[PDB]
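**Student:** Here you go, one structure.
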Amino acid sequence: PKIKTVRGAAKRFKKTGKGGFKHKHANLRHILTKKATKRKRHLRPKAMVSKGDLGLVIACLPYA
Amino acid sequence: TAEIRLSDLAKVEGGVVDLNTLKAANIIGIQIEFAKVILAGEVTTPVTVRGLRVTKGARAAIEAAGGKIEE
Amino acid sequence: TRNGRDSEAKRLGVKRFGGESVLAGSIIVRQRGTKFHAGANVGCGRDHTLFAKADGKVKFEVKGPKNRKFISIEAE
Amino acid sequence: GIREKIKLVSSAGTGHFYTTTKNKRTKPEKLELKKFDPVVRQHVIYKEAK
Amino acid sequence: XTXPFXX
RNA sequence: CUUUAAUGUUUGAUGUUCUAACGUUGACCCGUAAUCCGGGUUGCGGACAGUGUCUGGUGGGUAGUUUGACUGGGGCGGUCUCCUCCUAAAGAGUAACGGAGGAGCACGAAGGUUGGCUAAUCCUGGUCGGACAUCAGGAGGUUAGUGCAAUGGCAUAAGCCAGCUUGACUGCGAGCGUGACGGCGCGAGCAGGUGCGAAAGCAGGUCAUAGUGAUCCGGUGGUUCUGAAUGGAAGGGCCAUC
RNA sequence: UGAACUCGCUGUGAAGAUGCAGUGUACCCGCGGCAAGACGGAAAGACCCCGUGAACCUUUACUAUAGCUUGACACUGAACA
RNA sequence: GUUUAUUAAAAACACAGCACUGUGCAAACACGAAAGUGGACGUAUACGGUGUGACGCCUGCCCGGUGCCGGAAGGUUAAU
RNA sequence: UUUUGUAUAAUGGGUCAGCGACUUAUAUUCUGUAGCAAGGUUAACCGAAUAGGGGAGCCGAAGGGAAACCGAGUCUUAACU
Ligand SMILES: CCN(CC)CCS(=O)(=O)[C@@H]1CCN2C(=O)c3coc(n3)CC(=O)C[C@H](O)/C=C(C)/C=C/CNC(=O)/C=C/[C@@H](C)[C@@H](C(C)C)OC(=O)[C@@H]12
Ligand SMILES: [Mg+2]
Ligand SMILES: [Mg+2]
Ligand SMILES: [Mg+2]
Ligand SMILES: [Mg+2]
Ligand SMILES: [Mg+2]
Ligand SMILES: [Mg+2]
Ligand SMILES: [Mg+2]
Ligand SMILES: [Mg+2]
Ligand SMILES: [Mg+2]
Ligand SMILES: [Mg+2]
Ligand SMILES: [Mg+2]
Ligand SMILES: [Mg+2]
Ligand SMILES: [Mg+2]
Ligand SMILES: [Mg+2]
Ligand SMILES: [Mg+2]
Ligand SMILES: [Mg+2]
Ligand SMILES: [Mg+2]
Ligand SMILES: [Mg+2]
Ligand SMILES: [Mg+2]
Ligand SMILES: [Mg+2]
Ligand SMILES: [Mg+2]
Ligand SMILES: [Mg+2]
Ligand SMILES: [Mg+2]
Ligand SMILES: [Mg+2]
Ligand SMILES: [Mg+2]
Numbered sequence: 002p003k004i005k006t007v008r009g010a011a012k013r014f015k016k017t018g019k020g021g022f023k024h025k026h027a028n029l030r031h032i033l034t035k036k037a038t039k040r041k042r043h044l045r046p047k048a049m050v051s052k053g054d055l056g057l058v059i060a061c062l063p064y065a
Numbered sequence: 074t075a076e077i078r079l080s081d082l083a084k085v086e087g088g089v090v091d092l093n094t095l096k097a098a099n100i101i102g103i104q105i106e107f108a109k110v111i112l113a114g115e116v117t118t119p120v121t122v123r124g125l126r127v128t129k130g131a132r133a134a135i136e137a138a139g140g141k142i143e144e
Numbered sequence: 010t011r012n013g014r015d016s017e018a019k020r021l022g023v024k025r026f027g028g029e030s031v032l033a034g035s036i037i038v039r040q041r042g043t044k045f046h047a048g049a050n051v052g053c054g055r056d057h058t059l060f061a062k063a064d065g066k067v068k069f070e071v072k073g074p075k076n077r078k079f080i081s082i083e084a085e
Numbered sequence: 004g005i006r007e008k009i010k011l012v013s014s015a016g017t018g019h020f021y022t023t024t025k026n027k028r029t030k031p032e033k034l035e036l037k038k039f040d041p042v043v044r045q046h047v048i049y050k051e052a053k
Numbered sequence: 001x002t003x004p005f006x007x
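Listed in order, the protein sequences are those of chains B3, BL, BW, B1 and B6.
For the first sequence, the authors' numbering gives the first residue as 2, with consecutive numbering after it.
For the second sequence, the authors' numbering gives the first residue as 74, with consecutive numbering after it.
For the third sequence, the authors' numbering gives the first residue as 10, with consecutive numbering after it.
For the fourth sequence, the authors' numbering gives the first residue as 4, with consecutive numbering after it.
For the fifth sequence, the authors' numbering gives the first residue as 1, with consecutive numbering after it.
Below you can see the structure in the form of structure tokens.
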């Protein structure tokens, strides 16, 4: 049987050009008023999954 | 929506690139409603592209090869 | 009244010692007060981090009638 | 915790707003400040203070 | 189960 | 209006009967040599009761589960996130149910900037006035102060006061620190647009270091980015926020 | 019942030794007897803790539910104040 | 009298007696999706449930809590 | 065997013989190897049946953006040094 995708991972990580994964930052969902504008601003753009986490991400996305 | 290469297009047989033609030449997909021509690969024979968005690059590439681009 | 508490260590200290060649913007010290004061080409941020403003070599000095420690950045 | 969240809204058309707190229990007067409004890209007046 | 072995 | 009182309209509503649905675990007749059942006749009830669907309440009667971890065994007690100092062996880091404390807020000024200013404590003198209130002088030299715990800073003040004020700006960010990670911190500089200053210049909150909660789901505003035949719309995305 | 050519003492040692070190003692093999040892046999400790185990039992634990109970509609009609 | 057949025979269970409380009979109650049946071919001097336990002398104070019983005006309150 | 550590007085085995525990399927990636190579390969099916037909499809030669879309660029932002 085909491996099944961890469908929640596929809603959170996207595979990119050199084979990595972009992902949205954490902490820009609510409780916003107290967080510095600077802080929030650097959380807007997306980011790469870390070296230590590619194991896990990739495990969750055979078909990425 | 699909993308087309300069590298294709010289292979539709009937120097006229349009959705059903590419499709026939098996380069896009039976259900594609829209397709662009990217500056990828070289283009050599002149050729006519009908009803296909075309990037700046691809336009130069195609036009230099003595081809036409009629939306 | 029951002890048991403490707080995460703040990794304060010298990050680049004398002679070290750093790029501009590079933290030279994480400190709490101003043990060190920014000298030439060295900045002082909010927490009193001293950072570099020009690329060059970390110099440590003692200047003034107060005899205060200063960190500067000389061009290499 | 007494202090209470409020929005400052842009006097310009733009629905833009900033966000902060105040001690309604003592400074009930609405809060009016000049803040940059990045839609009109001009320092305009901001109002309201819950 | 009843104290000494095996009462 | 302070609060009552006289017809309505219909509508149920409490109400009155009726009988014909329906109940009869009264009597009788026949199928029948039958305390079942069916039909019939009568008596008694009667739109009640009862049952179906929906619905509030009750419901250890039954059912399925939950009922944390650290711990000088376990339990009791205590503790669980964060901040400060010591233990920590003069870079970082570093354990214990080691030693001591603090936070889960506050401030539209207690933020910005320009100008200015400088404590504590003791002695001497001085109305009410006292060991200590305010006044003057000398000593003193930051032992004061810093919204708060500790530590480190602070006079060029970061301490104190006034004016003008919103930089407690939006977009970004070379380059660093710190983290297994999520992430967290510092940051010159660039662009727009601000305030204070004659100007050089300063300002992206507060002397710094606590003052906090991921993700999902949902709310509000913005924004045609998306829009399942097409145009719309719902819903979704994106940005702000709860 | 791993295999045995299967002694004492004092030490040592995964810390209570026939088997290790030192030393003492003892010719080879039975039979009748005794139970101080072989942490003797039997039974994967019942105490104790642990497992995000099991089962029953309890209750103003949670969540449901049979039952009990409330009303609305249906089976459900007529004539009068 | 009964009881742990196989480590407990007992002071435990039952018991006559007593008290509460339910029940108008198609009874309450109990086994049953139901029909049917026990209760009972009984009918409140009966039948069920609960407690207490011959008998003698007796069984006081408390209804706030928790249960239960009664209430109807307000308040709150379902489907509709 | 399990342990920081076992002659251990901790576990298992009276002895022998036979038997007794990392497999299989489909996905997926990686290494090695073979083929072909900007291409590679076909599935069901067809069949002259391990041939041949069948290119439906799948992977790859293009990315960036949530997306519209743009494209060797793209996004971010009014714009980026
Ligand atoms: C008054 C005398 N008693 C005290 C209770 C001595 C022990 S006992 O007989 O009573 C009982 C059995 C063993 N126990 C121990 O406490 C015990 C303590 O250390 C030890 N056992 C060490 C050993 O003796 C290990 C031995 O190899 C294993 C044994 C003897 C275990 C046998 C199983 N018996 C039980 O589990 C009984 C458990 C209950 C009865 C508990 C009570 C405390 C609740 O008693 C013991 O364990 C009791
Ligand atoms: Mg959001
Ligand atoms: Mg095709
Ligand atoms: Mg239960
Ligand atoms: Mg525990
Ligand atoms: Mg150190
Ligand atoms: Mg050291
Ligand atoms: Mg201050
Ligand atoms: Mg000044
Ligand atoms: Mg005096
Ligand atoms: Mg439609
Ligand atoms: Mg449509
Ligand atoms: Mg010994
Ligand atoms: Mg011995
Ligand atoms: Mg003998
Ligand atoms: Mg065991
Ligand atoms: Mg056991
Ligand atoms: Mg017995
Ligand atoms: Mg006996
Ligand atoms: Mg009775
Ligand atoms: Mg009794
Ligand atoms: Mg051990
Ligand atoms: Mg040994
Ligand atoms: Mg052994
Ligand atoms: Mg032995
Ligand atoms: Mg054995």
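A virtual CB, placed ideally from N, CA and C, is assigned to each residue, including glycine.
Quick one: does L55 (chain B3) have its CB under 8 Å from some CB of chain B1?
**Tutor:** Answer no: the Cβ-Cβ gap between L55 (chain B3) and chain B1 never drops below 8 Å.
**Student:** Within its chain, find whatever has a CB closer than 7 Å to the CB of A131 (chain BL); leave out the 5 residues flanking it on each side and keep chain order.
**Tutor:** Contacts found: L79, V110, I111, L112.
**Student:** Just the Cα atoms here: how many angstroms apart are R30 (chain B3) and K84 (chain BL)?
**Tutor:** C-alpha separation (whole angstroms): 50 Å.
**Student:** Who are the neighbours of residue 1 (chain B1) on chain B3, taking C-beta pairs under 7 Å?
**Tutor:** No information on residue 1 (chain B1) is available, as it lies outside the stretch 4 to 53 that chain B1 covers here.
**Student:** Let me know the secondary structure DSSP gives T24 (chain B1) once reduced to three states.
**Tutor:** In the structure shown, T24 (chain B1) sits in a strand (DSSP, three-state: E or B).
**Student:** Does the Cβ of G139 (chain BL) have 16 or more other Cβ atoms within 10 Å, making it buried, or fewer, making it exposed?
**Tutor:** Answer is exposed; the Cβ neighbour count stays below 16.
**Student:** Please confirm if the stretch 4–22 of chain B1 is in contact with the stretch 34–43 of chain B1, defined as three or more CB-CB distances below 8 Å between the two stretches.
**Tutor:** Segments in contact, yes.
**Student:** So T23 (chain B1) contacts chain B3; which residues on that side make the cut at Cβ distance below 8 Å?
**Tutor:** The answer, in chain order, is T34.
**Student:** With 16 as the cutoff for other CB atoms within 10 Å, does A27 (chain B3) come out buried or exposed?
**Tutor:** So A27 (chain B3) counts as exposed.
**Student:** Under a Cβ-count criterion, where at least 16 other Cβ atoms within 10 Å of its own Cβ denotes burial, should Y49 (chain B1) be classed as buried or exposed?
**Tutor:** It counts as buried.
**Student:** Please report the straight-line C-alpha distance between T94 (chain BL) and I105 (chain BL), rounded to a whole angstrom.
**Tutor:** Distance between the alpha carbons of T94 (chain BL) and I105 (chain BL) is about 12 Å.
**Student:** When we look at the beta-carbon of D81 (chain BL) and count the other beta-carbons within 10 Å, is it buried (16 or more) or exposed?
**Tutor:** By the neighbour-count rule (16 or more Cβ atoms within 10 Å), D81 (chain BL) is buried.
**Student:** Give the range of the alpha helix (DSSP H) segment to which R132 (chain BL) is assigned.
**Tutor:** Taken as a continuous stretch (DSSP letters only), the alpha helix (DSSP H) holding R132 (chain BL) covers 129–137.
**Student:** Hey, would you say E85 (chain BW) sits closer than 8 Å to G54 (chain BW), going by beta carbons?
**Tutor:** No; because the gap between Cβ atoms is not below 8 Å, this pair is not in contact.
**Student:** Going by CA-CA distance only, name the one from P74 (chain BW), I80 (chain BW), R20 (chain BW) that's closest to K62 (chain BW).
**Tutor:** Checked all of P74 (chain BW), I80 (chain BW), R20 (chain BW); the closest Cα to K62 (chain BW) is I80 (chain BW).
**Student:** Rounded to whole angstroms, what's the CA-CA distance from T58 (chain BW) to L33 (chain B3)? Just pull it up for me.
**Tutor:** Going by the C-alpha atoms only, they are around 27 Å apart.
**Student:** For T121 (chain BL), which three-state DSSP category applies?
**Tutor:** Three-state result, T121 (chain BL): strand.
**Student:** Put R42 (chain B3) into one of helix, strand or coil per three-state DSSP.
**Tutor:** Helix, per DSSP.
**Student:** For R77 (chain BW) versus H46 (chain BW), is the C-beta spacing smaller than 8 Å?
**Tutor:** Cβ distance < 8 Å, so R77 (chain BW) and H46 (chain BW) count as in contact.
**Student:** Please report how far the alpha carbon of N26 (chain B1) lies from the alpha carbon of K129 (chain BL), in whole angstroms.
**Tutor:** The straight-line gap from Cα to Cα measures roughly 59 Å.
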